[PDB]
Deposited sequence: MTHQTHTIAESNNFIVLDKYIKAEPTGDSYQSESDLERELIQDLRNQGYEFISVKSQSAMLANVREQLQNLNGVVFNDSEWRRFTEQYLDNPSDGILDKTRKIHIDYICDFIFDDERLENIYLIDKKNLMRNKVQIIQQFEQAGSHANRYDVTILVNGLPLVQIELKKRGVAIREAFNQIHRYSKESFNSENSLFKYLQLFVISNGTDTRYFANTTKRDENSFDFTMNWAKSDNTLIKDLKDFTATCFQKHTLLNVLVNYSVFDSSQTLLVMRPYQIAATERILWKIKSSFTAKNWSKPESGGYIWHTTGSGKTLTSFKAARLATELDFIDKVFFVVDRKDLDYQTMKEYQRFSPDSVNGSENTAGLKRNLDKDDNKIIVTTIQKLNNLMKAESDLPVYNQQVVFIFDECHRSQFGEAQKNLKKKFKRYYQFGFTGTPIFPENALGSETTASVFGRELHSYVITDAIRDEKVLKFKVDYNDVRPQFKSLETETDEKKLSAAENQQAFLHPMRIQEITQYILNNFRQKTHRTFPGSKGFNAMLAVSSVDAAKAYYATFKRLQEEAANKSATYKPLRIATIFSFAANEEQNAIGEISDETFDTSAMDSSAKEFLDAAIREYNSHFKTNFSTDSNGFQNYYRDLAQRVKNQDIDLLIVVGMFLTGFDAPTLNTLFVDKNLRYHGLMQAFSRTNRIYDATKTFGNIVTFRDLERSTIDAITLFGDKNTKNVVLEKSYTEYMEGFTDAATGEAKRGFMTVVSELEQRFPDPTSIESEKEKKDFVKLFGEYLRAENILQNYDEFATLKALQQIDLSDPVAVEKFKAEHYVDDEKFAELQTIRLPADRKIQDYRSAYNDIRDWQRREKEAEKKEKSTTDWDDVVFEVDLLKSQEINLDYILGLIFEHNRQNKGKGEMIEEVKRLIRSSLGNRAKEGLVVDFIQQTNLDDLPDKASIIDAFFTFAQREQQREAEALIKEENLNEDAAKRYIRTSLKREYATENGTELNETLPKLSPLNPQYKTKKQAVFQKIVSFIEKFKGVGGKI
């Protein structure tokens, strides 16, 4: 029974008042009651404890006496030193408690029955009446076996769900899933032990298998809140990893997973194994959670008792710190960039183990070397997470040859079509049918990935002919000090990056954390040239001004469309080797670490560097092919490109910036120093329809300045200059306040201003416009600096002075007034303050 429905009929309103929180709550409780959720009246933690006692006793076929129960409570269930983290761990891992009764016998007491879900007892309660007058806080808590695992916060129809989210006894530490609703929109998100919380962007709507949203509370309840559905989401489709972070799977992920599982069961039952028709593939756009989903799918696949072994296969190219840190718990030291099959062979012979994590390289090697493995004759499941074409063909040939009974499943954001095939077989031919799909279109619609802002930066007349070169032969022949690597070109590019880095990364505003960036270059010589030029120029600027703060720059490359670079550094030539050695030397000098250039030390360098780019310890990372595919860094907002990128390689490269973070990150920045427009549009069109480019790619500076109309619902979006104009006209401060109507309009309009400027900071033209506002005067000398740096003609310079912007003081006044109106509203339904932007 799929918990993500292929077909669902939208439920009809009752006709009764749906306006207030009490209405939503009343109909919610009634609905749940009709779905098998018993409503118990429980007004206290003592009552809760009594109920938990009864439900656990019933579940485990056991009986506590007051002393025994008090002990179980104090030691396991309710111990005071337990936090949210401890309860989450207890639910997902430690849920079995070995308990010694007073008569000294030992029994295993389950909090949840994970093998049979429907045996678990589900109930609902409502909020406690507390004390003197504050209120409202209308909530409904879903208890599993007495444990308060789910919390639904309710708001009235008018309230914007986003602001409601922004607004926010030991047993409630057990809360796993949160749900929030105004009844029009219902959004769920995981409970967290963080010390830095997630944002609204991570909250998810429930949906059907075609990814179409399910919004209103009635349908959310009729679908997501079905006991089978809900309990599956809590138990099977929630992830508690080695980072001890709770991740609730988005609907498309669950759909893909359960469709794979059903596919395996059906293929086994029919003895249809070892064909493409016994397998499947999953198309999930880059950045949509393929790793999490595929891995969870493998894990669940091990729970099929007819399946002997489950391979989870990844590319070393797609590896980073957290992933390798995670896989350690399953197949220790068997997952790395080496060619060694020893760890893999040890995993194969490991008792009480099904799951086997490995790399496509190691798997291919094993299949070549070993003729008759026992596992060849077993019941096998292969789960491939984004495995590039490099070793994949050969590995597939050997796989088809040696493995007798198998079900193989692909996971990719960029399937192999005939169009982009390039020597490789189509995904469809390899894996057979497509079990599920979540396209870049749906992903942008659901705001689970970021759009692209792609610009070819053309300030360089001398090299423009080269950067725009279509011919592939000329392109290939142009990499050298004569054409592409020309010192002037490299110098200009580097200088641009140095000048605009803080702008593109949102480090502009004073006291802003911001983001970091990557630089994808064409070759090893390109990496050398760029690193050297960056060093030189940063030194020069440091000598010019004492206040200048340098950007920490690292680089990584190996021997080696994106060419796979191995982890063996012996394959490199002496010059590249020397440069890498020096770079790693400086990396060591600054970060006070010791990394050698031998394969092990270089792998350590890879991992540590990954972690340091992820946490922003490194400002700019220069790579050739590395960290362009599977690398996950939510705080990386910009990809600088001087490289030839086509199709799948282009999508994967650009997608390093696509991860959602918060309102501060509007989209990914792709700044290209060769013209990628045709390549971009071709790629996007291949992975979507003809219209996909009008979704994925951001709008123009002119559009955001003067306003534009969105194709989807026809919503006319006001321009930045219109917002400014109306701010000056209708509210030139402080006297627009105190009145409440004017307060509301000001909040709305200035909200639009904030979002608009936040979007506009990524545009070079806006950067130029804002830079023009110092200057002065004259002092020319002050003009030629600005013009040469911002690449501005006398004509353009003359025009830019016509443009009239509010003073910094007026903007700060608006921001403080905004802050005060925000602080005033604690003690207006549809209004949403921008919380992240004010931070």
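So which bits of the deposited chain never got modelled?
No coordinates exist for the deposited residues in 1 to 12, 181 to 191, 584 to 592, 860 to 872, 885 to 1038, so these stretches are absent from the model.
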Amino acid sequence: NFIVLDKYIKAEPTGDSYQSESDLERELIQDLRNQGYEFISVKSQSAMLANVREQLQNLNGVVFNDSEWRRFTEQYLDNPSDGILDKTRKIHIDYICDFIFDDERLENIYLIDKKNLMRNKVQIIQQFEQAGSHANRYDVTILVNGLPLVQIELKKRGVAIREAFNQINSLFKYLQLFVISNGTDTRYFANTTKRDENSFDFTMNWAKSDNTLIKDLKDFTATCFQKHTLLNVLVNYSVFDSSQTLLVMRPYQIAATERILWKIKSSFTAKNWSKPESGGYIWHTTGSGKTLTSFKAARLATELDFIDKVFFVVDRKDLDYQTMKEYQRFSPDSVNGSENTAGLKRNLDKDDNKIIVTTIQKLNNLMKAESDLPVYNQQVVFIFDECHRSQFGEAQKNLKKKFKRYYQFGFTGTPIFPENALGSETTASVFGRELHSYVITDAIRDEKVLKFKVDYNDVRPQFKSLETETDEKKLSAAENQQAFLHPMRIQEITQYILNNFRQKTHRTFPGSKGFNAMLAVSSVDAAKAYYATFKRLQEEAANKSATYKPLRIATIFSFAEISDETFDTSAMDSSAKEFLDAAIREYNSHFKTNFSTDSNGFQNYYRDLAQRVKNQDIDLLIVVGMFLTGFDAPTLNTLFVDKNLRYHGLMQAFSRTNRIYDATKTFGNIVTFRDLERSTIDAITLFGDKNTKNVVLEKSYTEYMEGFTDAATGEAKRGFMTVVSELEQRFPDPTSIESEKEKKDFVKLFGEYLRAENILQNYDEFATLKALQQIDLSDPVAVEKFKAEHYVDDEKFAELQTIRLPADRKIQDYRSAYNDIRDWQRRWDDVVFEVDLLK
From here on, numbers count along this sequence of modelled residues.
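Mean CA B-factor: is it higher for 518 to 526 or for 734 to 742?
It is 734 to 742 that shows the higher mean C-alpha B-factor.
Please compare 375 to 383 with 326 to 334 and say which has the higher mean C-alpha temperature factor in the record.
Between 326 to 334 and 375 to 383, it is 326 to 334 that shows the higher mean C-alpha B-factor.
Considering only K397, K592, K90, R502, which residue's Cα atom bears the greatest B-factor as recorded?
Going by the entry's C-alpha B-factors, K592 comes out highest.
By the entry's C-alpha temperature factors, tell me which of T184, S238, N758, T508 sits highest.
That would be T508, according to the entry.
B-factor third for the C-alpha atom of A421 within its chain:
Its C-alpha B-factor belongs to the highest third of this chain's values.
Consider only the C-alpha atoms of the modelled residues in this chain, order them by B-factor as the entry records it, and name the third containing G413: lowest, middle or highest.
As the PDB entry reports it, the C-alpha B-factor of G413 lands in the lowest third of its chain.
Ranked C-alpha temperature factor of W283 among modelled chain residues, by third:
According to the entry, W283 has a C-alpha B-factor in the chain's lowest third.
Ranked C-alpha temperature factor of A11 among modelled chain residues, by third
Ranked within chain, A11 CA B lands in the middle tercile.
For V42, does the deposited CA B-factor place it in the lowest, middle or highest third of the chain?
As the PDB entry reports it, the C-alpha B-factor of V42 lands in the middle third of its chain.
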